[PDB]
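Q: What follows is query_1.pdb, made up of PDB, C-alpha atoms:
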ATOM      1  CA  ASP Z   1       7.592  14.483  -7.589  1.00  0.00           C
ATOM      2  CA  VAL Z   2       4.714  16.048  -5.671  1.00  0.00           C
ATOM      3  CA  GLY Z   3       2.655  16.898  -8.753  1.00  0.00           C
ATOM      4  CA  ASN Z   4       2.818  13.409 -10.252  1.00  0.00           C
ATOM      5  CA  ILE Z   5       1.945  11.797  -6.909  1.00  0.00           C
ATOM      6  CA  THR Z   6      -1.018  14.132  -6.380  1.00  0.00           C
ATOM      7  CA  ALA Z   7      -2.274  13.701  -9.959  1.00  0.00           C
ATOM      8  CA  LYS Z   8      -2.296   9.880  -9.714  1.00  0.00           C
ATOM      9  CA  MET Z   9      -3.681   9.241  -6.227  1.00  0.00           C
ATOM     10  CA  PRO Z  10      -6.499   6.639  -6.025  1.00  0.00           C
ATOM     11  CA  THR Z  11      -9.476   8.857  -5.241  1.00  0.00           C
ATOM     12  CA  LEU Z  12     -12.916   7.338  -4.675  1.00  0.00           C
ATOM     13  CA  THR Z  13     -16.375   8.791  -5.265  1.00  0.00           C
ATOM     14  CA  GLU Z  14     -19.770   7.923  -3.779  1.00  0.00           C
ATOM     15  CA  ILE Z  15     -20.689   5.420  -6.496  1.00  0.00           C
ATOM     16  CA  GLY Z  16     -17.378   3.539  -6.629  1.00  0.00           C
ATOM     17  CA  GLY Z  17     -17.252   1.082  -9.514  1.00  0.00           C
ATOM     18  CA  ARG Z  18     -14.400  -0.329 -11.550  1.00  0.00           C
ATOM     19  CA  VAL Z  19     -12.212   2.722 -11.005  1.00  0.00           C
ATOM     20  CA  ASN Z  20      -8.845   1.445  -9.748  1.00  0.00           C
ATOM     21  CA  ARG Z  21      -7.079  -1.797 -10.687  1.00  0.00           C
ATOM     22  CA  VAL Z  22      -3.475  -2.919 -10.162  1.00  0.00           C
ATOM     23  CA  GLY Z  23      -1.189  -5.803 -11.101  1.00  0.00           C
ATOM     24  CA  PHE Z  24       1.858  -7.729  -9.938  1.00  0.00           C
ATOM     25  CA  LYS Z  25       4.874  -9.370 -11.569  1.00  0.00           C
ATOM     26  CA  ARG Z  26       7.699 -11.810 -10.915  1.00  0.00           C
ATOM     27  CA  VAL Z  27      11.044 -12.425 -12.626  1.00  0.00           C
ATOM     28  CA  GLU Z  28      13.653 -15.184 -12.551  1.00  0.00           C
ATOM     29  CA  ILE Z  29      17.363 -15.392 -11.725  1.00  0.00           C
ATOM     30  CA  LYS Z  30      19.764 -18.013 -13.067  1.00  0.00           C
ATOM     31  CA  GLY Z  31      23.055 -19.759 -12.338  1.00  0.00           C
ATOM     32  CA  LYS Z  32      25.604 -22.054 -14.000  1.00  0.00           C
ATOM     33  CA  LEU Z  33      28.390 -24.585 -13.439  1.00  0.00           C
ATOM     34  CA  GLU Z  34      31.818 -25.178 -14.981  1.00  0.00           C
ATOM     35  CA  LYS Z  35      34.648 -27.712 -14.767  1.00  0.00           C
ATOM     36  CA  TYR Z  36      38.387 -27.010 -14.651  1.00  0.00           C
ATOM     37  CA  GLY Z  37      41.583 -29.026 -14.427  1.00  0.00           C
ATOM     38  CA  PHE Z  38      45.209 -29.430 -15.437  1.00  0.00           C
ATOM     39  CA  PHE Z  39      47.889 -32.118 -15.343  1.00  0.00           C
ATOM     40  CA  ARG Z  40      51.647 -32.702 -15.410  1.00  0.00           C
ATOM     41  CA  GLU Z  41      53.866 -35.431 -16.873  1.00  0.00           C
ATOM     42  CA  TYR Z  42      57.381 -36.674 -16.160  1.00  0.00           C
ATOM     43  CA  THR Z  43      59.763 -39.577 -16.736  1.00  0.00           C
ATOM     44  CA  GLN Z  44      61.620 -41.866 -14.352  1.00  0.00           C
ATOM     45  CA  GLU Z  45      65.146 -41.043 -15.545  1.00  0.00           C
ATOM     46  CA  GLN Z  46      64.565 -37.327 -14.888  1.00  0.00           C
ATOM     47  CA  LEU Z  47      64.046 -38.222 -11.198  1.00  0.00           C
ATOM     48  CA  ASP Z  48      66.740 -40.774 -10.334  1.00  0.00           C
ATOM     49  CA  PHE Z  49      69.650 -38.971 -12.013  1.00  0.00           C
ATOM     50  CA  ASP Z  50      68.780 -35.497 -10.712  1.00  0.00           C
TER
ATOM     51  CA  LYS L   1     -42.890  -8.860   0.056  1.00  0.00           C
ATOM     52  CA  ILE L   2     -39.929  -6.650   0.979  1.00  0.00           C
ATOM     53  CA  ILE L   3     -36.353  -7.249  -0.201  1.00  0.00           C
ATOM     54  CA  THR L   4     -33.595  -5.006   1.186  1.00  0.00           C
ATOM     55  CA  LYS L   5     -29.944  -5.117   0.087  1.00  0.00           C
ATOM     56  CA  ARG L   6     -27.774  -2.822   2.218  1.00  0.00           C
ATOM     57  CA  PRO L   7     -24.443  -1.452   0.954  1.00  0.00           C
ATOM     58  CA  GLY L   8     -21.390  -3.408   2.041  1.00  0.00           C
ATOM     59  CA  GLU L   9     -20.234  -7.011   1.714  1.00  0.00           C
ATOM     60  CA  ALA L  10     -23.722  -8.199   0.702  1.00  0.00           C
ATOM     61  CA  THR L  11     -23.327  -6.358  -2.642  1.00  0.00           C
ATOM     62  CA  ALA L  12     -19.905  -7.555  -3.794  1.00  0.00           C
ATOM     63  CA  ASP L  13     -21.190  -7.044  -7.336  1.00  0.00           C
ATOM     64  CA  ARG L  14     -18.086  -7.667  -9.474  1.00  0.00           C
ATOM     65  CA  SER L  15     -19.087  -4.739 -11.706  1.00  0.00           C
ATOM     66  CA  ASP L  16     -18.620  -2.578  -8.570  1.00  0.00           C
ATOM     67  CA  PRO L  17     -15.957  -4.079  -6.288  1.00  0.00           C
ATOM     68  CA  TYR L  18     -16.617  -1.669  -3.385  1.00  0.00           C
ATOM     69  CA  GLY L  19     -20.325  -2.227  -2.697  1.00  0.00           C
ATOM     70  CA  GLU L  20     -21.216   1.435  -2.193  1.00  0.00           C
ATOM     71  CA  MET L  21     -24.788   1.046  -3.514  1.00  0.00           C
ATOM     72  CA  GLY L  22     -27.885  -0.441  -1.916  1.00  0.00           C
ATOM     73  CA  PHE L  23     -31.565  -0.765  -2.700  1.00  0.00           C
ATOM     74  CA  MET L  24     -34.906  -1.986  -1.421  1.00  0.00           C
ATOM     75  CA  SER L  25     -37.961  -3.296  -3.253  1.00  0.00           C
ATOM     76  CA  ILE L  26     -41.605  -4.120  -2.524  1.00  0.00           C
ATOM     77  CA  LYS L  27     -43.727  -6.552  -4.535  1.00  0.00           C
ATOM     78  CA  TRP L  28     -47.188  -8.085  -4.194  1.00  0.00           C
ATOM     79  CA  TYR L  29     -50.113  -9.722  -5.997  1.00  0.00           C
ATOM     80  CA  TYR L  30     -53.712  -8.585  -6.372  1.00  0.00           C
ATOM     81  CA  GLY L  31     -56.982  -9.941  -7.735  1.00  0.00           C
ATOM     82  CA  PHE L  32     -60.666  -9.055  -7.849  1.00  0.00           C
ATOM     83  CA  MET L  33     -63.845 -11.154  -7.808  1.00  0.00           C
ATOM     84  CA  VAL L  34     -67.465 -10.051  -8.199  1.00  0.00           C
ATOM     85  CA  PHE L  35     -70.603 -11.765  -6.912  1.00  0.00           C
ATOM     86  CA  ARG L  36     -74.034 -10.473  -7.970  1.00  0.00           C
ATOM     87  CA  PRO L  37     -72.936  -7.637 -10.299  1.00  0.00           C
ATOM     88  CA  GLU L  38     -76.540  -6.350 -10.336  1.00  0.00           C
ATOM     89  CA  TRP L  39     -76.078  -4.993  -6.783  1.00  0.00           C
ATOM     90  CA  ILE L  40     -73.647  -2.275  -7.967  1.00  0.00           C
ATOM     91  CA  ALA L  41     -75.078   0.904  -9.503  1.00  0.00           C
ATOM     92  CA  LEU L  42     -73.259   3.635 -11.432  1.00  0.00           C
ATOM     93  CA  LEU L  43     -74.520   7.009 -12.685  1.00  0.00           C
ATOM     94  CA  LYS L  44     -72.384   9.113 -15.040  1.00  0.00           C
ATOM     95  CA  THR L  45     -73.154  12.842 -14.920  1.00  0.00           C
ATOM     96  CA  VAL L  46     -71.646  16.187 -15.889  1.00  0.00           C
ATOM     97  CA  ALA L  47     -70.484  18.588 -13.170  1.00  0.00           C
ATOM     98  CA  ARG L  48     -70.772  22.289 -12.178  1.00  0.00           C
ATOM     99  CA  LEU L  49     -74.320  23.511 -12.738  1.00  0.00           C
TER
END
Represent the supplied structure as structure tokens.

A:
Amino acid sequence: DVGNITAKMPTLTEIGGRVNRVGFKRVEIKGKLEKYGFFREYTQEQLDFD
Amino acid sequence: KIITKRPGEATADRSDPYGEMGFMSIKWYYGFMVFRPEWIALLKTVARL
């Protein structure tokens, strides 16, 4: 918006002084790990006689 | 003795982080001695006759 930008511009006078201060920030991102698996069983007789 | 501080980097001045102000000062010492005070004469009179 033009009005908000104009109304909050960092103007400076002749005397200066503590008139405009700013700050900065950082955030963090995460991750994870998981384990999966599956198995199968059988017998010998269900292989030879098939 | 003359001390001049010009506006700019020389006046970082944390209370004013832009250094837009400067100044200049003069300072000296003075003293007086008297030998033979009887050689000085003073007359105190009214004015405007």

Q: Once the ChimeraX specification (/Z :<10) & /L has been applied to the shown file, what residues remain in the selection, as a PyMOL selection string?

A: chain L and resi 13-21

Q: Take the residues just selected and output them with C-alpha atoms as a PDB file, in the coordinates of the input.

A:
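Below is the file that was written, selection.pdb:
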ATOM      1  CA  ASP L  13     -21.190  -7.044  -7.336  1.00  0.00           C
ATOM      2  CA  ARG L  14     -18.086  -7.667  -9.474  1.00  0.00           C
ATOM      3  CA  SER L  15     -19.087  -4.739 -11.706  1.00  0.00           C
ATOM      4  CA  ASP L  16     -18.620  -2.578  -8.570  1.00  0.00           C
ATOM      5  CA  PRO L  17     -15.957  -4.079  -6.288  1.00  0.00           C
ATOM      6  CA  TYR L  18     -16.617  -1.669  -3.385  1.00  0.00           C
ATOM      7  CA  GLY L  19     -20.325  -2.227  -2.697  1.00  0.00           C
ATOM      8  CA  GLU L  20     -21.216   1.435  -2.193  1.00  0.00           C
ATOM      9  CA  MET L  21     -24.788   1.046  -3.514  1.00  0.00           C
TER      10      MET L  21
END

Q: Between atom CA of residue L:25 and atom CA of residue L:11, what is the spacing in Å?

A: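 Taking atom CA of residue L:11 and atom CA of residue L:25, their separation equals 15.0 Å.
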
Q: Spell out the residues picked by the PyMOL selection byres ((chain L and resi 23) around 8) here, as a ChimeraX atom specification.

A: /L:4-6,21-22,24-25

Q: Box along x, y and z, 6 Å on every side, all listed atoms of stretch 14-22 of chain L inside: centre and edge lengths in Å to one decimal, as lines of an AutoDock Vina configuration file.

A:
center_x = -21.9
center_y = -3.1
center_z = -6.8
size_x = 23.9
size_y = 21.1
size_z = 21.8
